[PDB]
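Visitor: Please read through the structure below; I'll follow up with questions.
Where a number appears in this text, it was derived from the coordinates with a stated rule and is not lab data. Here the Cβ positions follow ideal geometry from the backbone for every residue, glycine too, while neighbour counts run over all protein chains shown.
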Amino acid sequence: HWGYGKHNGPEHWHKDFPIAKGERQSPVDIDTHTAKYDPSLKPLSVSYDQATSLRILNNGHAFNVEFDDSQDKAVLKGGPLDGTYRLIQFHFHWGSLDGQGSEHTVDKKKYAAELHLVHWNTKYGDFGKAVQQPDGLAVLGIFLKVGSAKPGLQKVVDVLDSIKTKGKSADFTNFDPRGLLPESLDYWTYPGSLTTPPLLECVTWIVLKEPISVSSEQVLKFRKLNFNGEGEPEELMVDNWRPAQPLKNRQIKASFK
Ligand SMILES: COc1ccc(CNS(=O)(=O)c2ccc(S(N)(=O)=O)s2)cc1
Ligand SMILES: [Hg+2]
Ligand SMILES: [Zn+2]
């Protein structure tokens, strides 16, 4: 149905998902000069040492690495959050060129890609219940800039060949998500939504100030994925990002000065 093409892209989404024009839609532009430093903000607590990755799959929109979330194995706490949020999956959004790809922008600046680590609030029992709550999900957004290779990313880059087309999956166990984190945990935070349909407004966004760098060849391999299924006409998976949405009645808080 929906996609990122001229005929089914972001500009058409509202027809099937009216919330597209809601009050707390993501992503947004982070204007650094008007974001408010909040000293009551606690530091983030990322406990990914017991993370259990299971699979990687191309869902026709991006590739997602899924984790075992049956127990508190990889959780996010602290920051603007109240409660424990479990990591369920992470995916990327990237562009056809190095100067675009991220969904959130900083002072209108676009990065080559953006990593989203999706977590759901454990007080709600399961992910499905979490998506029915204003504080159900917490997504950690990390910008990727092209530069030196990211060692922790290569394992992911190496398996892309086997999940070239939509619907394909591959076992992807023992992957450590900690290799994808920048050195600093400083962040911006604001209430938002999922950036793809159903565009549910259940997300507390936490965007890290510090981006990680990846090589030209690493992001290049992202661009060789296919939106289409096997046997269908080939369509390269690129520019799977949604444009910035109006901030409206929201303010972006910064954990740093
Ligand atoms: C049945 O109810 C639902 C509710 C939500 C989904 C979306 N799936 S999802 O949570 O993995 C995400 C989609 C986009 C994400 S972004 N780019 O904002 O981080 S996270 C599926 C079924
Ligand atoms: Hg919600
Ligand atoms: Zn995303």
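Visitor: State whether the residues of region 198-209 include one that is farther than 16 Å from residue 143 by Cα, more than 15 Å from ligand 3 (Cβ to nearest atom) and among the hydrophobic types (A, V, I, L, M, F, W, C).
Guide: no
Visitor: While we're looking at this one, here's another question. Looking at region 63-89, which of the residues that are among the acidic types (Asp, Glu) and touching a helix residue (DSSP H, G or I) at 6+ places or on another chain (Cβ under 8 Å) is farthest from residue 225 (Cα to Cα)?
Guide: 72
Visitor: Moving on. Could you grab me the full set of residues in region 98-128 that are under 23 Å from residue 34 (Cβ atoms) and of a type in the set (A, V, I, L, M, F, W, C)?
Guide: Result: 106, single match.
Visitor: Just to be sure, is residue 23 within 16 Å of ligand 3 (Cβ to nearest atom), of a type in the set (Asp, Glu) and under 24 Å from residue 195 (Cβ atoms)?
Guide: no
Visitor: Tell me, which strands (runs of 3 or more DSSP E) lie completely within region 141-219 with 1 or more residues that are touching a residue at least 12 places away in the same chain (Cβ under 8 Å) and over 24 Å from residue 105 (Cα atoms)?
Guide: It comes to 169-171.
Visitor: Suppose we keep only residues that are farther than 21 Å from residue 2 by Cα and within 16 Å of ligand 2 (Cβ to nearest atom) within region 179-202. Which one would you say is surrounded by the fewest Cβ atoms within 10 Å (Cβ to Cβ)?
Guide: Among those that are farther than 21 Å from residue 2 by Cα and within 16 Å of ligand 2 (Cβ to nearest atom), it is 191.
Visitor: Which one of these does residue 172 not meet: (1) over 30 Å from residue 256 (Cβ atoms); (2) aromatic (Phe, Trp, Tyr); (3) within 15 Å of ligand 1 (Cβ to nearest atom)?
Guide: Among (1) over 30 Å from residue 256 (Cβ atoms); (2) aromatic (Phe, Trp, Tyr); (3) within 15 Å of ligand 1 (Cβ to nearest atom), the lone unmet condition for residue 172 is (3).
Residue by residue, here is whether (1) charged (D, E, K, R); (2) within 16 Å of ligand 2 (Cβ to nearest atom); (3) surrounded by fewer than 19 Cβ atoms within 10 Å (Cβ to Cβ); (4) within 15 Å of the chain's Cα centre (by Cα) holds:
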position: 52; (1), (2), (3), (4): no, no, yes, no
position: 69; (1), (2), (3), (4): yes, no, no, no
position: 81; (1), (2), (3), (4): no, yes, no, no
position: 88; (1), (2), (3), (4): no, yes, no, yes
position: 103; (1), (2), (3), (4): yes, no, no, yes
position: 123; (1), (2), (3), (4): yes, yes, yes, no
position: 129; (1), (2), (3), (4): yes, yes, yes, no
position: 135; (1), (2), (3), (4): yes, yes, yes, no
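Here is a yes/no grid of residues against (1) over 23 Å from residue 61 (Cβ atoms); (2) out of contact with any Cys (no Cβ under 6 Å at 6 or more places or on another chain); (3) not acidic (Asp, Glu):
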| residue | (1), (2), (3) |
| --- | --- |
| 149 | yes, yes, yes |
| 169 | no, yes, yes |
| 172 | no, yes, yes |
| 175 | no, yes, yes |
| 187 | yes, yes, yes |
| 198 | no, yes, yes |
| 201 | no, yes, no |
| 204 | no, yes, yes |
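Visitor: From the set of residues in region 90-120 that are away from ligand 1 (no atom under 13 Å from the Cβ) and in a strand (DSSP E or B), which is farthest from residue 225 (Cα to Cα)?
Guide: Selected residue: 106.
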